[PDB]
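Visitor: This structure is in structure tokens; I'll ask about it shortly.
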Ligand SMILES: Nc1ncnc2c1ncn2[C@@H]1O[C@H](COP(=O)(O)OP(=O)(O)O)[C@@H](O)[C@H]1O
């Protein structure tokens, strides 16, 4: 059944887009370390991988700035 | 916050108009049952009460 | 307006015959057997053999022009089984299915009055 | 099961219809795009072949249906159909008004081989048969009459 | 190599010497030898339509022996009647070479074998060029009468400029692997600078030439009045001409096939033959009447109805009110041997004629009978009639007229220009000193006849770029037109076609896009009439699109709105709340039901409903005129039998829709106007909206898609029009509304043209085909899980976002309710196939 207030996107990809426009990913990694591994797999399996590759190169540069 | 529910999915004539190259072209046809058969089978009167 | 043939379906042993005639009896139309469809010599009395035999007879008789068939089942008679085998019902089911109107199913198997 | 194969490089089954009776006579027009087919009961369907489906039904008749013919000149407004028969008759239909033009009961066997032409709407036709009679008619558009019989000694099949 | 020997007959040879197109042939062929793009600025009555391809065959175009030009020759008449008539003409002209001439008028016709100098049609060689972007075959291309500024001519030369550029570029280094391409353009006027000296069309400046002729004196006569029934005016005038005037044939410039056939049968009735041969010839001309060639051919200006026009006598006279017995042209004496009731060799000529009536113009009449043509613009520049002296002109030609943002869109017969009108009048003094009768006054001819416009200006750019996409050219933003339109507007057109589903995100046309491009109508209405062949809603939808295309029927505030005014406004509101209103309160069901009410009325009961329920007579009659024709058009294009369909009466008339059909037509008009949607501002800015019941109903702010949201308040905040059922009842407006267009009122409030209301899900189902909405990731936080079948399938549960709020550069957009989709994983992204019902 439906459920209201599920507005556009979850906080991982929202913070990823905000971090990519803000040139650092520190809060994104602070969330990503924090939340649960089942949820981590559930978001990281769907990273919107298609022809401009924005989300996936943002994730790779986020892990670069992480380690 | 009230969402509706809608699917939104997926006679004849008596004249002609032919073509620019001859070639006539008529309008549509009307629409187009199996049989009326019968079979009689006799019952011997010792299997009558079982029937 | 329909016209009538007569089936004369012969449910013999080791063979099955179907040949519709016009209802005098002289001018036979499309004699087939059970042998001239299957290729094994073991089941030329097959129900399947009689089935496609009756299908081919139905096609040829609709080609000629007869639409209904008074059907007459004959077993081999004599001092023998006196009663139709399976091939008779097989041909009957086939040409009752195959678009042909059926009339007056009978039994014309000969009865001996105690011959030899 | 009626099918049509486009003869060109697309040799696929373009259209496929389920006709009523097993038929044994077909004729396409002198032009293209008209195909008439009549079964072995009384039903003569005609089909526009481009966008292939039924354009006329023509229940009409009686008995199994013998040979038939079109009347086609390119860019006309006449478009008749000939419609022979087994019990001897010729029942001419048009295609622009879906009406039986003239009922003609005169023959004695299967009316094979009939043909339609005009000579100055005159439109003389000629219908042979398995009987030995070729029996041409004047065949006006409103009301028709007869002329000579001229009797060949054959069993005429497709008297062109 | 140089040339092959040609031959012609003696009388056509001396006719070519007598007509002045033989004088400039050597200078033209040397300009062709020295430059490819050659301009000719001739005229009608010269001979340049006929004999210049014969000059090209003389020059060696079509000669296999020349290694420079071994190719085909294509002559591109824009009208297929012109193509076949000039095909048989040059087949007569080349004579013993005359079997080398051919025609190709539709796409299904391919090249005939015996020709090397072949005629064709504009759309025919554009589809030829489309599937042959290289154009190996044709050594030359002849664009005649390109002065008309057709959309086909514009797209034609816009492709042909880059075509001849790339072909010459590949040829000039190597003649073996690449041949030349000689482009030869003609015209009737001399304003060919928009073809030659346009730097966007041609950075390289091409040479311009002339080769015009001579003309006998045309005596032009303008009438003291101007008649309403121009057919009866022209008929009365032409019976007086054939009764009293000296001999010389007649050309009657009139409008359409129906009027022309009526005038031809009336002229044959007035001047009949006793002879059976000529009587049967006129009978054949009256019998062979119509042809359409809907899809598998090129199209012309004989769609014969897309026109919401209307008329009256006070309307005509108020249009020509600047104009404030012995009549001109009635001067010369009737000659002996010419009876007043002479037989007349009458011939119709419209573009929808068969070939065996298109050849009968050029036959000499019986002796004692005078020749006569009743026609339209085919005999203006392409064709010319050998023997006319009197031409008589109604001054009205059927073309495209469309004005914007108000629901006026008509393919109507307007008023012809001054230049084209004088070009029509110049066919009078053509065989001798002739007489043109213009069926109006010279004050009318002064005022409402403009001097010098293109179809690319008269037609919407969305249909223009859809036409280019169906012809499969993709570099449209920088494509060389003579009048390149507004780049803002054509980018909005590409955006609109992406919104409607004609164009994908890589800009290639879809099948639904080609079925839109087949229509001679707007892309929005074409989408409507393509989609609504579902669950018996087509009479309702054709009534709605006919109403929006004809205009407002309701007499509402062009009048009142003390002792009778109150009762009249009260009974007017009662007529609103009567049979105009029974179904809902959205907006447009009244606009459906007033036309559904035109079935509940006998014909002699005609005036009482308009005069009671406040409807306009001519617009209410032309909507029920337009409905039959529009249903004919869309049934002809989408049904399985193209041409042979007919329209009966009750199926254009009516039935009554209950609930499923009103919500289905609601999503149909959503598919019509998917980018003219609007939201109540509580779901974007609930603080600025001030959502209360005592705010007036024309003050609850609405916000459109794709519009910029700057920190000013009233940027997107556009409001409801007073002429809806809101502002009349106004209880609580539903959140998502539709409009047709926007009109700014005097209080700087952009009022609307509101239509209907959707909640979430038919809006999503409509938008799915379009490229409006961008999906989210699968959202299964508290809900039920995504079920897969495969690594490329998905049964997930996603919220859609309408107005593309990803990287929000102020294009305002809103989310929808969550919906279950069925994805397919195309090329890295997850497109959607369908939805899932509950
Ligand atoms: N199909 C045809 N048959 C006979 N004569 C024609 C035909 N078409 C045009 N003509 C005549 O040829 C002459 C030359 O005109 P044409 O070359 O067709 O146009 P333009 O003057 O624009 O070049 C005209 O006077 C016209 O009457």
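Visitor: Using the Kirkwood radius built from alpha carbon pairs, what does the Stokes-Einstein equation give as D for chain E at 37 °C and 0.692 mPa s, in µm² per second?
Guide: Numbers: Rh = 30.4 Å.
Rounded to a whole number, D works out at 108 µm²/s.
Visitor: Can I ask one more? Between the stretch E:257-310 and the stretch E:71-143, what's the alpha-carbon centroid distance in Å?
Guide: So the two Cα centres are separated by 27 Å.
Visitor: For the protein assembly as shown, divide the Cα radius of gyration by the Kirkwood radius and give the resulting Rg/Rh value with two decimals.
Guide: Using only Cα positions, Rg/Rh for the protein assembly as shown is 1.03.
Visitor: Given springs between every Cα pair under 10 Å in a Gaussian network model of chain C, which of C:41, C:15, C:56 has the largest fluctuation?
Guide: Looking only at C:41, C:15, C:56, the biggest GNM fluctuation is shown by C:41.
Visitor: Based on the alpha-carbon gyration tensor of chain C, what equivalent-ellipsoid semi-axes (square roots of 5 times the eigenvalues) come out, in whole Å, largest first?
Guide: On the way: eigenvalues 102, 65, 25 Å².
Its equivalent ellipsoid spans semi-axes of 23, 18, 11 Å.
Visitor: Could I ask something else about it? What share of the DSSP beta bridges in chain C is antiparallel, in percent to the nearest 5? Walk me through the intermediate numbers first.
Guide: On the way: 6 of 16 bridges.
Within chain C, antiparallel bridges account for around 40 percent of the total.
Visitor: What is the mean number of Cβ atoms from other protein chains located within 10 Å of the Cβ atom of each residue in peptide E:637-649, rounded to a whole number? Mind showing how you got there, number by number?
Guide: Working: counts 0, 0, 2, 5, 9, 5, 9, 12, 5, 7, 1, 2, 0.
If you average over the peptide's residues, the count of other-chain Cβ atoms is 4.
Visitor: Okay, next question. Would you mind telling me the antiparallel percentage of the DSSP bridges in chain E, rounded to 5? It would help to have the intermediate numbers written out before the result.
Guide: Numbers: 29 of 73 bridges.
Around 40 percent antiparallel, to the nearest 5.
Visitor: Name the residue, out of C:40, C:94, C:50, whose mean-square fluctuation peaks in a Gaussian network model built on chain C with Cα pairs under 10 Å.
Guide: The residue with the greatest mean-square fluctuation here is C:40.
Visitor: Here's something else I'd like to know. Counting only other chains, and only Cβ atoms inside 10 Å, what mean value do you get across the residues of E:758-770?
Guide: Values: counts 4, 6, 5, 6, 6, 3, 2, 4, 1, 0, 1, 0, 0.
Across E:758-770, the average partner-chain Cβ count within 10 Å equals 3.
Visitor: Residues in the stretch B:1-25 near a label at residue E:837, defined as backbone nitrogen under 14 Å from the 7 Å Cα→Cβ point?
Guide: B:5-10, by backbone N distance to the label point.
Visitor: If I take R0 = 45 Å and measure r between the Cβ atoms of residue A:64 and residue E:811 in this structure, what FRET efficiency does the formula 1/(1 + (r/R0)^6) give, to the nearest 0.05? Intermediate values should be presented prior to the final figure.
Guide: Details: r = 32 Å, r/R0 = 0.71.
The calculated FRET efficiency here is 0.90.
Visitor: Just to be sure I understand the model, the point goes 7 Å from the Cα along the line to the Cβ. What's the resulting residue E:326 to residue E:558 distance in nm?
Guide: It is 4.4 nm.
Visitor: Something else: Compute the FRET efficiency between residue E:367 and residue E:417 as 1/(1 + (r/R0)^6), taking r as their Cβ-Cβ distance and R0 = 51 Å, and round to the nearest 0.05.
Guide: Efficiency at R0 = 51 Å is approximately 0.80.
Visitor: Taking every Cα atom in the stretch D:16-145, find the radius of gyration and the maximum pairwise distance Dmax, and write them in Å.
Guide: Using the Cα atoms of the stretch D:16-145, the pair Rg, Dmax is 13.8, 41 Å.
Visitor: Now for a different question. Would you tell me the mean number of C-beta atoms belonging to other protein chains that fall within 10 Å of each C-beta in A:2-15, as a whole number? Each step should come with its number before you reach the end.
Guide: Values: counts 11, 9, 5, 2, 12, 7, 12, 7, 5, 0, 1, 2, 0, 0.
For this peptide, the per-residue mean of nearby foreign Cβ atoms is 5.
Visitor: So, one more: Say each of residue E:748 and residue D:26 gets a label point 7 Å from the Cα, pointing the same way as Cα to Cβ; how far apart are those two points in nm?
Guide: 7.6
Visitor: Still on this structure, I have one more. Suppose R0 equals 56 Å; then what is the FRET efficiency for residue E:114 and residue A:49 from their Cβ-Cβ distance, rounded to the nearest 0.05? Please list the in-between numbers first.
Guide: Working: r = 59 Å, r/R0 = 1.05.
So, using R0 = 56 Å, E works out to roughly 0.40.
Visitor: Let me ask you something else. Going by Cα centres, chain B and the stretch E:686-718 are how many Å apart?
Guide: 56
Visitor: A follow-up question, please. Expressed as cubic angstrom per residue, what is the convex hull volume of the alpha carbon set of the stretch E:289-425? If you can, show how the numbers build up before the last one.
Guide: Values: hull volume 26.9 nm³, N = 137.
Taking only Cα atoms, the stretch E:289-425 has a hull volume of 196 Å³ per residue.
Visitor: In the stretch E:517-541, which residues have a backbone nitrogen under 19 Å from the label point lying 7 Å from residue D:50's Cα in the Cα-to-Cβ direction?
Guide: E:518-520
Laboratory data are not the source of any read-out in this text; all were calculated from the coordinates shown. Methodologically, a virtual Cβ is constructed for each residue, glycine included, from the backbone with ideal geometry; neighbour enumeration extends over all protein chains shown.
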